Each structure stands twice: as C-alpha cells, then as structure tokens.
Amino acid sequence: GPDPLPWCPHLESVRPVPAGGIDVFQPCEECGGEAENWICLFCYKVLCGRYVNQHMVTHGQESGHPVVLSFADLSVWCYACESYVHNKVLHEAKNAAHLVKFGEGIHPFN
C-alpha cells in the first residue's frame, strides 16, 4: 500500500477484538457479497467495500465509526482522515485477521 499515517485522531474508535476473533471468511452482512469485505474496528460488523455495494462506507457515516480493516490485504482505512493508518492500536486486529486468513500469527512462536 501507500505510506500510511503513523497515527490518526480516530484510534479511540478501535475497540478490543471480540472473543470470536476476526473471521476473514464472513460475507457482507447486508448484501451477502463474498469478497472485498471490511470489518468495523468499533462494532466488528462485516460489510462490503467501495468496489462492491459501499455498505461499509454507508455504516461508517451512519454510525460515526471511522476505522475499518480489509480482509483482502489486512490494511486499515480511516474514513474521517481518508487515509490508510498504521499504529500499535491496530496490531491486535491485524494479527487476529492474519491468524484466520493464514493459520498463524504475524509473529509465530518458535
């Protein structure tokens, strides 16, 4: 991706990863779209991206939850900043998604 912001003012809208973790195989909760899905890092709803039916950007506006994670490449987008963001706050969510997607953590045990 492009060089992300190292921080943004919306990182408080990043909540703990739920007990069930981040399952990258979930389709869009609104249209059932199978690919290009994103997960909201506030409420962990799974909705399609801008290349599908724009359900995540709609949710982001209606809820005021601006920080979302991509199932396709595990990048994190902020709607309020209109930018990719990378910060330690996002480490847990990126690792949880990587664990389901690739069967191991970002830094596996030796």
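Just count from 1 along the sequence shown to find any residue number.
Engineer: Which has higher Cα B-factors on average according to the PDB entry: 67-75 or 51-59?
Structural biologist: For C-alpha atoms only, the mean B-factor is higher in 51-59.
Engineer: Can you work out whether the C-alpha temperature factor of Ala96 puts it in the lowest, middle or highest third of the chain?
Structural biologist: For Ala96, the deposited C-alpha B-factor lands in the lowest third.
Engineer: Comparing against every modelled residue in the chain, figure out the third that the C-alpha B-factor of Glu29 lands in (lowest, middle or highest).
Structural biologist: As the PDB entry reports it, the C-alpha B-factor of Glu29 lands in the middle third of its chain.
Engineer: Taking only the Cα B-factors deposited for this chain, tell me whether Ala19 sits in the lowest, middle or highest third.
Structural biologist: Answer is highest: the recorded C-alpha B-factor places it there.
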